[PDB]
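Derivation of every value follows stated rules applied to the coordinates shown; laboratory data play no part. Here Cβ is always computed from backbone atoms with ideal geometry, including for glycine, and neighbour counts include all displayed protein chains.
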Ligand SMILES: [Zn+2]
């Protein structure tokens, strides 16, 4: 069982997301301090295009996927599902813009 | 010295309320204990509020809000009304 | 309609029919599981709508006991059950519609039973606002007053106390700051066993005393659970000698009879120093 | 009106309550109407209790109030018993 | 003189009476000992505090106010004996 | 806003309390009990706030209101 | 006879409930014995691990539960006083039984 | 932005290697595990990223700068 | 971790508070403390209820069990 | 008071004999102790009766006392 975090794009097991949260998005999402509904709304088990990154700084792939400022690990090219309107508004309150990874937005 | 108690005041209040009723000595002991207990509760809570708010004076507001905390609804309302009335008339006089 | 007590170990729905001199319950699965109840044998006819209940009830309390299957019973109950954020609030509104539908139909049927009796049977309904909680048997239940009876019909075994058959009520365990009390009904027929209602909350004491007075039932209060197995057998042995020596009127002893008090302090309502 | 009780129309002693509030180590300073307010509250509460105690003693055909009647008054009043739920009354 | 095993001075009728005042109709036979133990643990908890007050006042007699303070500390305020 | 305490939440609270089977009226009973508790605590807190002449309810008011009830709470500045 | 186990109250056993049945658990030198219908005998050689739950999360549970796991199933003893937790754990560790604390 | 991120000549190269069917994600996870394990050592795995696509079956793409790293 | 969702509890708190004084503000820590206290209280109550239910030789907790526990605690009269 | 005044006095002295040897008592100390003890026991019997009625019984048993003391928070 593995899920792909919608915001940062990292892929981790769903139980890891529930118990410890997203190591990168915890500053703005509080996934560890969030219930199962919010975890499902921000981490999706349906994804495609597994990506393993070793060096975020110099990898052009990481810059192209906007994951060069995040923790190395499993990443997904495309994630099924989008963030809810309330979570998007909450992120806009923090000043961070959310760019969907669903592929439908380009 | 001559021990202090609220016995004469309870007689006064009783005659004000029930002119044709009397109180036993033990019931007066209970009433004195009750009055002392309530005074202790209210003064302790007033001190707690004053310390909570970094104040060094007990004013009628602290006593009023202590009564608001301690007494239940109707009791608090009537006792607050009585106290404000008495304080207003003492100030006026 | 479901019947209690059931004529078979299997719970089966049936049809209730009104006839010229009584009612007939008839199961669709077996013709032999008919229950016939004559109007002449019904003592009390109760209806109870779903005011808080998952069920609607038509209860027949009988003068003479009937043999339903293997059980002798004074009580025959006919019943049906309703049981099966805005969406959950709307599902409660749909349950409230289903309650009102079954309530209207079963009330109408119980009135039609009363009409078919040619005025032999009055339709009684429980006054829910006058209800109090207590333990007549093994569970805490809401006891409901009616016009002529004190009832509990939701759980088996059923309680049906006719108010006119009561000789005296005794309130046991009533004393200084007590948590709960018991209520005992003694009947005019001393051969009938006394009925206990236990753990009535002490908050309901003054209400129960008022209600007993409004119904013309004498009451007495006691700190101790008096034994009635002893009291009744002595009263059955010689009822005349019992009343000769004061019956229950002397036992009541309402007069406080307290003058000793606890003395008094020097009565002085004067400011000292 | 010499006594402060008279100036406030009270029966309890304003001066004694003032002395106890001062010589009691509660706060550095004390107001002028806090003793008055507290005495008024105390007198009101005692009157409240004595009314029901008189009622209970009159329901038992008794002229003197005893601990029994105080117990009855307290345990029969919803608000007083809530106030005094953790209080034991001797001979009650 | 030392006192030895005076707990049995809480005879069966005292406990039965106390139960009747409490509203109890039928009393199991194991109750009386149960109650006795409970009472012991209560008194030992109250007395240990009363004695603590008495010893702190550098006195040798246990006064009523010591008991009153010990009870007040447990939320057992008692009216009638002072306070 | 009292329907926001859903049935699964009460089930979760009972499971952390070790409860194995739950009736159907437990949910309404629990909602009533919680409402009474919250009513008392918030009333005390608002009393503290009004006395402090504030329009915002602080964490200190809640902590003192719980200390008033006897429900001392650690970890919020007490 | 009763073993070297002594409760906080200096008692040879502890009050507990097994399901709906209230009773007494005795920690004997070779076995755990529950003396109340149904009677349960558990030899220490057959016990895999003992799991103690003191609240399984927030809120202090005044009474804790002991789950004894063995090769044929588990037995949950409930409603044990929390003061008895340390004496029971130290005794079971002394008998070589694996104690786990959630 | 998104348009500015298009690759240049100086960006690290990408090599694709054929693997057995159904093992592409396994190779990706093994490469990530080796990269994490050899990080901080005297001879770390000098790669930058690696991935695969479900549609492009049998292909594993690694972004690096040297064939010896591959 | 807290078993109640945050927004429903905040809405409930504001609904209740609005009956004593309009335009009241709550620090987020006040709501957090209230939620911690309420859940701790409810868990203790459920433990007592479970004890009562097991005492009656049952497994299912019932409203009468809750009422009995609250009465024995001294919360309901 | 239902308990007498002299067996209770002896019990109180016996219990007090552990904390300090040869301690005197005062006019209203033993009386207050007896009042508090009887009030406490009556409340405990009220709770025990409630539990026994809850169990569909009329007889109070030691496990009802234990449950009452557990819920009260007594050790
Ligand atoms: Zn993330």
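Structure above, values below:
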item	result
Using alpha-carbon coordinates, inclination of helix B:7-17 to the longest axis of chain B, degrees	80 degrees
P(r) weight above 48 Å for the protein assembly as shown, C-alpha pairs, percent	47 percent
Highest to lowest packing among I:67-76, A:78-87, scored as the average C-beta count within 10 Å	I:67-76, A:78-87
Debye-sum result for the range D:3-92 in log10 I(q)/I(0), which assumes one identical scatterer on each alpha carbon, at q = 0.22, 0.23, 0.24 Å⁻¹	-0.99, -1.02, -1.05
Average Cα contact separation per residue, chain A, under 8 Å, 6 or more apart, as relative contact order %	30 percent
Relative contact order (%) - chain B, alpha-carbon pairs under 8 angstrom, separation at least six	16 percent
Label zone at residue E:44 (point 7 Å along Cα-to-Cβ), backbone N below 12 Å, the range G:1-44	G:9-11
Most to least packed among J:36-45, A:64-73 [average Cβ atoms within 10 Å]	J:36-45, A:64-73
Cα-based shape type of chain H, given that a ≥ b ≥ c are square roots of the gyration tensor eigenvalues and the cut on a/c is 1.5	oblate
Helix E:64-73 axis, angle to chain E major axis (alpha carbon atoms, nearest 10°)	70 degrees
Spin-label pair residue A:19/residue A:104, simplified geometry with 7 Å Cα→Cβ offset, distance in nm	3.4 nm
Test item: G:60-71 mean partner chain Cβ contacts at 10 Å	2
Ascending count of other beta-carbon atoms within 10 Å, so fewest first, for C:31, C:40, B:47	C:31, C:40, B:47
Average other protein chain Cβ within 10 Å of Cβ, residues F:51-59	6
Residue order, fewest to most beta carbons within 10 Å, for G:53, C:9	C:9, G:53
Label point distance in nm, residue D:23-residue F:35, each placed 7 Å from Cα along Cα→Cβ	5.3 nm
Separation of alpha-carbon centers, the range C:70-143 and the range B:1-16, rounded to whole Å	60 Å
Residues F:23, A:34, B:1 arranged by fewest to most Cβ contacts within 10 Å	B:1, F:23, A:34
Highest to lowest packing among A:89-102, I:49-62, C:222-235, scored as the average C-beta count within 10 Å	I:49-62, C:222-235, A:89-102
The range J:33-75-the range F:1-64 distance, computed between alpha-carbon centres (Å)	29 Å
For the range G:22-55 and the range C:203-273, distance of Cα centres in Å	54 Å
Three-way shape call for chain A based on the alpha-carbon gyration tensor, with the a/c threshold at 1.5	rounded
Per-residue mean of C-beta atoms belonging to partner chains within 10 Å, peptide D:68-75	4
Helix axis angle, I:6-17 relative to chain I longest principal axis, alpha carbon, degrees	80 degrees
Dimensionless Rg/Rh of chain G - Kirkwood Rh, Rg from C-alpha atoms	0.92
